[PDB]
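Observations on chain architecture
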Amino acid sequence: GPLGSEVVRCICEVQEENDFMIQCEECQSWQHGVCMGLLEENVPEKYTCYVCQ
Ligand SMILES: [Zn+2]
Ligand SMILES: [Zn+2]
């Protein structure tokens, strides 16, 4: 994001993407779905990350 904020900002603090990334509706950064306790089939349309929820 602006001011060079990290696009991948997950609780695991790993920047590398995997096969299932999800974008927070509030802060607009991305997390690994598995870190957020989610699966492809249960991530909601209005997903909010660990920081923002
Ligand atoms: Zn993660
Ligand atoms: Zn967020």
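Refer to the structure presented above.
Report follows, based on the coordinates. (Residues numbered from 1 in each chain as written, not as in the entry; some residues may be left out. Chains lettered and ligands numbered in written order. Heavy atoms only, no water.)

So, the overall build of the protein chain
Within the protein chain one finds zero helices and two strands. Along the first, second and third principal axes, the C-alpha set of the protein chain runs to 35 × 20 × 15 Å. Residue burial in the protein chain is summarised as follows: out of 53 residues, 26% are buried. Pairs at least 24 apart in sequence give 23% of the contacts found in the protein chain among residues at least 6 apart. Put simply, the protein chain shows about 4,000 Å² of open surface, and 51% of that area lies on carbon and sulfur atoms. (Helix = DSSP H or I, 4+ residues; strand = E, 2+ residues; numbered from the N terminus. Buried < 20%, exposed > 50% of the residue type's maximum accessible area, 1.4 Å probe, protein only. Contact = heavy atoms within 4.5 Å. Areas by Shrake-Rupley, 256 points an atom, 1.4 Å probe, with all protein chains shown as cover.)

So, the coordination of the zinc ion (ligand 2)
Every protein donor of the zinc ion (ligand 2) is accounted for by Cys24 (SG), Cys27 (SG), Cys49 (SG) and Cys52 (SG), and the metal-donor separations fall at 2.3 to 2.4 Å. Of note is the zinc ion (ligand 2), whose four donor atoms meet at the metal with angles of 105 to 113° in an arrangement that counts as tetrahedral. Sequence positions of the residues that donate to the zinc ion (ligand 2) give the spacing C-x2-C-x21-C-x2-C. On the criterion of sequence distance, the pair formed by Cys27 in the loop between β1 (21–23) and β2 (30–32) and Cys52 in the segment after β2 is long-range, its members being 25 residues apart. (Donors = N, O, S within 2.8 Å, 3.2 Å for Na, K, Ca; no water. Tetrahedral: all angles 85-135°; square planar, octahedral: opposite > 155°, others 65-115°.)

Brief notes about the nonpolar core
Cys10, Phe20, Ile22, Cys24, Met36, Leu38, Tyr47 and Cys49 together form the largest nonpolar core, which totals eight residues. Among all residues touching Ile22, those that are not within four sequence positions of it are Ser29, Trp30, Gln31, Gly33, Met36, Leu38, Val43 and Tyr47. (Core = buried A, V, L, I, M, F, W, Y, C linked by side-chain atoms within 4.5 Å.)

What about the coordination of the zinc ion (ligand 1)?
Protein coordination at the zinc ion (ligand 1) comes from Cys10 (SG), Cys12 (SG), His32 (ND1) and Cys35 (SG), with a distance range of 2.1 to 2.3 Å. Around the zinc ion (ligand 1) sit four donor atoms, and with donor-metal-donor angles ranging over 99 to 115° the site reads as tetrahedral. Here the donor residues of the zinc ion (ligand 1) are spaced in sequence according to C-x1-C-x19-H-x2-C. You can see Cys12 sitting in the segment before β1 and its partner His32 sitting in strand β2, a full 20 residues away along the chain. The buried category is assigned to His32, whose relative accessible area is 4%.

Observations regarding unusual backbone geometry
Positive phi is not limited to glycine here, since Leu3 has a value of about 60°. If you trace the backbone, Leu3 turns up in the segment before β1. Its identity is not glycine, yet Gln28 carries a phi of approximately 75°, on the positive side. Here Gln28 lies in the loop between β1 and β2.

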